[PDB]
């Protein structure tokens, strides 16, 4: 079994994330670009492109109307099904609050879920500066996504205002939000590809993520003194995420280290995660020894069930 991973961008923001991932380079993941806007879709370098709602929009976008996004996806349901064929896991990425993402992404997610794919949504909420209507439409989108996916990661764009200085380029800030998705997809790909000393596989991912509501995914890297605790704290930190570690009922945790990785420090890291999570948490713990590493330790967490 080698799980087939697909990343599906829906609407402008979703496709922006996909494009930036394709530019970065990601092996053994299929990218699918879905949009109403044919002009934007033409510029994508995704190898699978689905223009939805041509009869409805005439190749334009949804004009920020979620009803148009929804009806567009429904018009093109068979083409979406065809593109998803074979997927074992689907990441649906979209900016909530517009028309295409808000309306179409839940339709796409439901199609993926009903084909049996582990279906993870990774969506943004609008900046407060975009106004109340955008925020209200986005909230309806988030609720529709929750109903359609196995697990949902929400990135409030307002959180980007917490990680910039007054001069940080907007595109650099956007790359930080895109990195949430990138790290999660890369992380799952790495888990499926590599045999661990205490091995985690796709069935473990499914146990933690299938039908499990909100999710946090995180990665932390450290070295030197107190490296395990520092890496674990970085992994569970969620400056950009709506959902924090507190009260998690399911956790997939991995530690990657060199040959120096100690039992004591593995316990230290796991204890950091446990102290935060629910008393009856289903923790699935893994470890990898990468002898190419010297003093680096990597802690990764997927936390669900809130």
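Positions refer to the first chain, counted from 1.
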Legend entry - Higher-scoring stretch by recorded Cα B factor average, 57 to 65 or 41 to 49: 41 to 49
Inset, instruction - On mean C-alpha B-factor from the PDB entry, just flag whether 266 to 274 or 23 to 31 is the higher one. - result: 23 to 31
Legend entry - C-alpha B-factor winner, where the candidates are 297, 17, 10, 284: 297
Inset, instruction - Return the residue from 83, 111, 138, 147 that has the highest Cα B-factor in the entry. - result: 147
Legend entry - Ranked C-alpha temperature factor of residue 204 among modelled chain residues, by third: lowest
Inset, instruction - Relative to the other modelled residues of the same chain, rank the CA B-factor of residue 36 and answer lowest, middle or highest third. - result: lowest
Legend entry - Chain-wide C-alpha B factor ranking for residue 240, given as lowest, middle or highest third: middle
Legend entry - B-factor third for the C-alpha atom of residue 248 within its chain: highest
Legend entry - CA B-factor placement of residue 103, once the chain's modelled residues are sorted into thirds: lowest
